[PDB]
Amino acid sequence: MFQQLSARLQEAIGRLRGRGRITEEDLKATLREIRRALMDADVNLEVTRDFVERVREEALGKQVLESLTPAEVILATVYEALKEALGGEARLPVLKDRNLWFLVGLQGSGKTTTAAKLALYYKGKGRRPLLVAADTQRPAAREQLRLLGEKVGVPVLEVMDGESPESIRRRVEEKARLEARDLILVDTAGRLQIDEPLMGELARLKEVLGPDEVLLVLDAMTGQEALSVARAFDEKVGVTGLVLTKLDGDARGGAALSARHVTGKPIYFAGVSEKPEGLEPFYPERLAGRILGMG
């Protein structure tokens, strides 16, 4: 992901390198090339404009028009902007004594496999996870998580068809008690498109279970519709953090890049492969460095 954008940003910066001091017109041309490139990666006009303005301001503050190496000033400011556009420092959910997190999103987003990968990740960090297959309408969706839980060595409770949220609560509580589970990961129903009633039932499930986190899983190979999925889930259910899956895929990446800005929710993890350990904590500073060719 981001290959084309990466190449283009590195080219724009490299074009300045070794040619000494630049003029204001030269700087304008470079900022244009950056803003346009972002565009061509399908970043929305606002994220592009704001990003380039940030860079212009910070570069001018660093006396880019006095520098004999403006390329390095532009590199540093694009890096620092790009790192904060993605979240700044790395964040992860606050682990307290007994946690309950929803995973929400579309079918095909990576949501169900992410639930199992999270369980594995946190089991390795000493937590005691429980997976909950919460689709009350589609047994096949629950069976998928059951198998994945088996794969990662984490117990799975399956809800029953049509089970009330109160009953789900009661059964999850019981199992968590008996098995000393301290991280409960609820894989909620996924559909290929936003399903309004589901969204109603999901909001209700949230009222009854009271999750500490609601993690929206988005496929980073998709476009701006990912952020309108994000708005729909956030308005109606209320979301606390993002997981971006399939960062290993080929795609423009503009919607993924902006997700942190459009949604105002931290990216906690990113999926980087189809393997059980393809999941890892998201580090803005690391993705920014990659995109700019710094390893």
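Residue positions are given as counts along the sequence shown, with the first one as 1.
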TODO: Could you check which stretch, 142 to 150 or 120 to 128, carries the larger mean CA temperature factor in the entry?
DONE: 120 to 128
Task: Higher-scoring stretch by recorded Cα B factor average, 228 to 236 or 37 to 45 - done: 228 to 236
Open item on the list: Can you tell me which of 162, 108, 211, 197 has the maximum CA B-factor listed in the PDB entry?
Closed with: 197
Open item on the list: Highest Cα temperature factor in the entry, among the options 173, 166, 187, 97: which one is it?
Closed with: 97
Open item on the list: Test of reading the entry: by CA B factor among the chain's modelled residues, which third contains residue 217?
Closed with: lowest
Open item on the list: Is residue 192 in the lowest, middle or highest third of its chain when residues are ranked by C-alpha B-factor?
Closed with: highest
- [ ] Just say lowest, middle or highest third for the CA B-factor of residue 155 relative to the other modelled residues in its chain.
- [x] lowest
- [ ] Classify residue 263 as lowest, middle or highest third according to the C-alpha B-factor given in the PDB entry, relative to its own chain.
- [x] highest
Task: Third assignment of residue 246 from its chain's C-alpha B-factors - done: lowest
